[PDB]
């Protein structure tokens, strides 16, 4: 089993860590995807979303798509070797000229024939190979913008390729998120079964499409002259009780989706205290409590409201999640009791009767076990990024929350449903905000610890790899905690990635005060209007500041605050919205 979900996760790992242009990058794209000779690989890629919504692609359209993929891999392969021979004698004017034509030949082939992956009425099924190919096209355009003057191309030829890269990022992004959403809505229905297949689409295409799409902007090598590491803070969802049910509870799907928490700052799951109930010698997970900390463990634990019902047929069991790299895997045992319809006191049960919590770790640390283990295995839906090493080392996601979809009390109620919902954040969403020397640091604003009043966390547009922050008025956004590995004397610069339907002014303060409240203004920067009032959030509505003017922190676990300030003379009324996604920090 080498699923497309497997391949795509290892590719997410590659792009996230070793994003820097050179032979290592080309050799890497060959090894993970484009080295494959023949059709079967692309056949599997299409099959996954095809059987997901149970519509196969028309065969003429399907085979042309597969054969153009083959040709794309095939022209890239010859570019890649021509690239390597050049990097072995980089000044030779003949190797240069040989790479220059083999580049323009391969770019024209890929550029021109992506079309066959955007075919009308088959947009969703073709989405995952389109994401692969758009990502391949962008690798090439980054290459010329970065190596143009070494290769021998004119500065005018390169500036045109650069505009292609710009537009490519914006066009490809917008197509993918558009067909992601319309494919999602088409799967939605009102039943337990309809929600399962809805969520299956969301999860698989978040892994196979959106995560590669979130990294496209890093292909802009004029905007990112050096290394940069993005962070995927979005959470994908599993539910063993519902995903393993053979029937379907009717009209539930709207109730299930609401039981997921609303957009929120990123937290670190600390512990889960499970409560047990019983009925007729059948013991089950009836409710639980969740405790979390902010990013950086920057202060006091938050305890979530009770999930489910606080049973006592056994004593509570407190499972600590946050050991090593967190819980990477759950193996649950489901229990569906179907009696000969007695009722109320001979109940119908749709619940969990055990779960094993497996730790992500380079160690022998044993799993946590509630009652007993099971065979409903989350690793089957959230696979490893590296199958060459044991799962506890090559895992892709860490457990981030546990909610519950509840129905009935044990009371009356002929029927009881306790369906715990497991949230998975991608591994790249680090526990701390660490400012690296030597790279371009991305800190999504969802990594702060406090949202100030009148800033909302809004579900992200689809290409930021997480949620974002909105203000309707001017005011304070977040406070977040930063760690430097430099003397406090070291100087830094800062830029924003924002969306705004108005002009505004943005400031970053750096006097600490845990809780946030303090601060001294260190950075003052303008935000030009990026969209019209009431427009939708597409990639063209997002903009980068310049870098900021050197500043320094004033503590080494520092507490910085972001606020948006009224422009002088504007009269203190603000109309439109302000969106901030990311701040990025560099050195010197």
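Positions refer to the first chain, counted from 1.
K.L.:
Can you tell me which stretch has the higher mean Cα B-factor, 290 to 298 or 424 to 432?
P.N.:
Per the deposited B-factors, the answer is 290 to 298.
K.L.:
Highest mean C-alpha temperature factor of the two stretches 300 to 308 and 492 to 500, which is it?
P.N.:
So the stretch with the higher mean C-alpha B-factor is 300 to 308.
K.L.:
Taking the Cα B-factors listed in the entry, which of 237, 151, 130, 216 comes out highest?
P.N.:
In the PDB entry, the greatest C-alpha B-factor among 237, 151, 130, 216 is found at 151.
K.L.:
Among 317, 464, 262, 364, single out the one with the highest C-alpha B factor in the record, please.
P.N.:
Answer, based on the entry's C-alpha B-factors: 364.
K.L.:
Going by the CA temperature factor in the PDB record, which third of the chain does residue 474 belong to: lowest, middle or highest?
P.N.:
Highest third of the chain for residue 474's C-alpha B-factor.
K.L.:
By its CA B factor, does residue 273 count among the lowest, middle or highest third of the modelled residues in the chain?
P.N.:
Middle third.
K.L.:
Tell me, lowest, middle or highest third: where does the Cα B factor of residue 34 rank within its chain?
P.N.:
Lowest third of the chain for residue 34's C-alpha B-factor.
K.L.:
Which third, lowest, middle or highest, does the CA B-factor of residue 85 fall in along this chain?
P.N.:
It falls in the top third of the chain.
K.L.:
Please place residue 327 in the lowest, middle or highest third of its chain by C-alpha B factor as given in the entry.
P.N.:
Its C-alpha B-factor, which the entry lists for residue 327, ranks in the lowest third among residues of this chain.
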